[PDB]
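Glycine also receives a Cβ, built like all others from the backbone with ideal geometry; neighbour counts cover every protein chain displayed. Rule-based calculations on the coordinates, nothing more; no lab input.
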Amino acid sequence: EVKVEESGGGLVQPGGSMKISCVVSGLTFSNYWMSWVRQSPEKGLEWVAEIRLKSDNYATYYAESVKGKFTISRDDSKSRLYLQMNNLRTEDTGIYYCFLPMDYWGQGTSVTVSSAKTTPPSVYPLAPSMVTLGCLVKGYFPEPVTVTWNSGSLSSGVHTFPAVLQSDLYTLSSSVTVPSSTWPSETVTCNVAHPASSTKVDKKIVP
Amino acid sequence: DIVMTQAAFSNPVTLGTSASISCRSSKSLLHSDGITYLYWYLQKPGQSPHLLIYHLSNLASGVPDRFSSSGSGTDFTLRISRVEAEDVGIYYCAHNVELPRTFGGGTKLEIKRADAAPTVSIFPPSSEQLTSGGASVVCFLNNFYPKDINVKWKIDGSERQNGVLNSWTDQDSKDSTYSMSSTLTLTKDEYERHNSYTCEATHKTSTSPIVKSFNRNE
Amino acid sequence: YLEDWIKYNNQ
């Protein structure tokens, strides 16, 4: 189907800038109005900027919140939408989606605005009919991490908990429950990627 | 600007029965063409929103007939007539009558199912972490219903509240239960000062707490 | 707005 895919998120300090983009495939990009919609706890889904077509002289539109700070643009030849985001404040933290009104959303790219430092997680094994295992993913910044088990093979019986923030560091755990007949006798491994630090780590749960 | 108003939650719905999610707008969304430019989206946990309904009552391609919607120019209702476990998520309304585009705050669908006690598991600090001078004790309270639950930490018989942090999952899309982690973070020295660690879970499914323990020296 | 949307969306 039509597919919208954002990129370019990460961390920057307040007063700094970011430039994010999305590529749209599965249709002719140049014939569609395109927008950015961000999501955060305090303000929920928030439309921020929109751009029309070449035949409209690429007319742009902005939410008051971001007027003077954000600029939306498009490169029809690359099927790519951009958002230049300047003079950022902590409240500009959120997940940024390309939204093709009113039908299509991307997967979102995460933007954090903070003076705190990027820190990769320490990843610790949690070893003890059915057997429950886990990993402790402690002391990382910013969000997000992605946690998988057995490189994504092990998906059912998994609980990855929301992170908690303390002293500018996040911590979460993930549990997996499997048949005892399945562990320790085939292996169970947690994999933890932290995009901001460019790190990936695996930890085998061993008795 | 148009304000789109939704309640954060709905009454829990039993599987196979009908759920109704409401939305209202501060301005009529009926246009002179006879169309009411009201849209519904669903955002499942970990995912982006996806379109369910357009122009008040029309189903987007591939959306099941379980979903329907109607309304006036200002008051709207999405119906999920025979709810399934996979329908858990947040349902958002939006208009398409002017800029700025605005969305409702989202209503989370909660499935009502049979009460289920938690499966409790306790984990001592790993050796690797102990090499570093901190000590995190972890207890999972998994796959229970309803969401309300208490955990308690007792160290050598004494309740400990300092250093405990709890995290709940979203409702599970398969079995409609919740889970909670409770993590007790100690300094290495404080951890080593005591030997018997207990996590106790108290849930409406019994007057008896469910107790899990370990000893540091074993 | 709607006039612009409707024109656009019909095309």
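Key figures for this structure:
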quantity: Cβ-Cβ FRET estimate between B:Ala116 and A:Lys54, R0 fixed at 45 Å, reported to 0.05; calculated: 0.20
quantity: Residues B:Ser213 and B:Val3, FRET efficiency given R0 of 41 Å [Cβ-Cβ distance, rounded to 0.05]; calculated: 0.20
quantity: Amide H contacts under 5 Å for B:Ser69, placed H, 5+ residues apart; calculated: B:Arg79
quantity: Mean Cβ neighbour count within 10 Å, used as a protection proxy, ranking B:175-181, A:157-163 highest first; calculated: B:175-181, A:157-163
quantity: Anchor A:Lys69: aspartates and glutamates whose Cα lies under 12 Å away (excluding residues fewer than 8 positions away in-chain); calculated: A:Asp92
quantity: 31 Å Cα-Cα threshold exceeded, pairs from B:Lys147/B:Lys212; A:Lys138/B:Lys108; A:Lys204/B:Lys204; A:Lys117/B:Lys152; calculated: A:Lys204/B:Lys204; A:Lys117/B:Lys152
quantity: Exercise: per-residue mean of other protein chain Cβ atoms within 10 Å, B:98-105; calculated: 6
quantity: Sequence-distant residues sharing a close amide H with A:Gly108 (under 5 Å, placed H); calculated: A:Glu6, A:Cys98
quantity: Under 19 Å from the Cα of A:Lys67 - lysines, other chains or at least 8 residues apart; calculated: A:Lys19, A:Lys43
quantity: HN-Hα J in Hz across segment A:164-169 - Karplus 6.51, -1.76, 1.60, θ = phi - 60°, x for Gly and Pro; calculated: 10, 9, 8, 6, 6, 10
quantity: Per-residue HN-Hα couplings for segment B:11-18 [Karplus 6.51, -1.76, 1.60; θ = phi - 60°; Hz; x = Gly/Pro]; calculated: 5, x, 10, 6, 3, x, 9, 8
quantity: Segment B:1-40-segment A:22-65 distance, computed between alpha-carbon centres (Å); calculated: 23 Å
quantity: Extension gain (nm, one decimal) between A:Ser114 and A:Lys69, 0.36 nm per residue minus Cα-Cα; calculated: 14.5 nm
